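Let me begin by presenting the structure, written as structure tokens, before commenting on it.
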Amino acid sequence: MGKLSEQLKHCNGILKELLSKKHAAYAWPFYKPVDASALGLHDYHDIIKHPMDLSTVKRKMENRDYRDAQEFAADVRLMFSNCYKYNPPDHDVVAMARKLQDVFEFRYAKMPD
Ligand SMILES: CNC(=O)c1cc(C(=O)N[C@H]2[C@@H]3COC[C@@H]32)cc([C@@H](C)c2ccccc2)n1
């Protein structure tokens, strides 16, 4: 019942909410890795050096990869940053990223001390 364990339980709660039916209308583009070939995005891996998605975050949490809340938050924010770097700001996927990041940042802020 340490501080790191407690903060990682809060992180796991956030991850479960991001994957829940409540947010599915805007969360679904972030469920699995970007399939660049399938979407015709043949420049994606030249522009994005570190791809990230919620299935990879879930795998790392299940494997006890994350040692603290800051490491978890860095991967979730990397996922949003990749979206803002690659996509024009008027694409629907950017509006969806903005909405899911608002859910993330407001609950992350309620981290137990
Ligand atoms: C994480 N996902 C993405 O970054 C992404 C990018 C693009 C995409 O085509 N981006 C190309 C824009 C014009 O040329 C350069 C950027 C399409 C989609 C798909 C799944 C999609 C998402 C939401 C609503 C409809 C469709 N996701």
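When a ligand or atom number is given, it counts from 1 through the structure's own listing order. When reading the values below, keep in mind they use all heavy atoms of this one structure, side chains included, and skip hydrogens, waters and symmetry mates. Index from 1, following the sequence.
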Answer yes or no: is there a donor N or O on one side and an acceptor on the other, between the side chain of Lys85 and the main chain of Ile47, under 3.5 Å? yes

Kindly say whether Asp65 contributes a backbone atom to a donor-acceptor pair with the side chain of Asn63 at under 3.5 angstrom? no

If you count heavy atoms of other groups shown closer than 6.0 angstrom to NZ of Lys58, is the number above 12? no

Taking every heavy atom of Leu18 against every heavy atom of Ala27, the minimum-distance pair comes out as O-CB, 3.6 Å

Show me a pair-per-line table, with atom names and distances to 0.1 Å, of protein N or O atoms that are under 3.5 Å from an N or O of ligand 1.
from: ligand 1; atom 1: 4 (O); to: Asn87; atom 2: ND2; distance (Å): 3.0
from: ligand 1; atom 1: 10 (N); to: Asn87; atom 2: OD1; distance (Å): 2.8

Check against side chain to side chain contact (heavy atoms under 4.5 Å, CB included), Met52 and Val57: CA-CA 8 Å; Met52 187 54 57; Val57 173; 4.0 Å; yes

Name of the residue among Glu105, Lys99, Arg98 meeting side chain to side chain donor-acceptor pair (under 3.5 Å) with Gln101: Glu105

